[PDB]
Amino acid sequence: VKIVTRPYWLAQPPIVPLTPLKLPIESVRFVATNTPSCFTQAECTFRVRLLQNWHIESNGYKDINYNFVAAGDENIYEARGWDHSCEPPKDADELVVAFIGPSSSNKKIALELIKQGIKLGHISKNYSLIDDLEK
């Protein structure tokens, strides 16, 4: 799976340091961002930057409040990543994968990411998948 890391989408650092996530992760959650779809890396990159700015400045979060973001360009964007927890109202012990324009396509990509996470020991073999994409 192709991950667009933080530097490649011009991420700013967390405004203050994030809290470490205990591994292996035992719960994964798929959520919808309910922001405009995007279909190229340039377009999706721009959207992720905006998401981060909004989460930090408008919401008062320390950083973009997901671990990863699947987008319409079929890329996974690194958000808080494997090792740091999201903050409330998200669960600190879940890997949160957000979706910009959820679809059959990027859902399969996100599932591939989970499979890799399991193989690499980031995600427990005994994990729960919480699919909130319909809401």
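We number the residues from 1 along the sequence you see.
Trainee: Would you mind comparing 45-53 and 98-106 for me and telling me which has the higher average C-alpha temperature factor in the entry?
Mentor: Per the PDB entry, the higher value belongs to 98-106.
Trainee: Looking at the deposited entry, does 36-44 or 72-80 carry the larger mean Cα B-factor?
Mentor: Stretch with the higher mean C-alpha B-factor: 36-44.
Trainee: Between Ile114, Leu120, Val16, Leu10, let me know which has the highest C-alpha B-factor in the entry?
Mentor: Highest C-alpha B-factor among the listed options: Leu120.
Trainee: Can you tell me which third, lowest, middle or highest, the CA B-factor of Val4 falls into for its chain?
Mentor: Middle third of the chain for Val4's C-alpha B-factor.
Trainee: Just say lowest, middle or highest third for the CA B-factor of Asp63 relative to the other modelled residues in its chain.
Mentor: Lowest third, going by the recorded CA B-factors of the chain.
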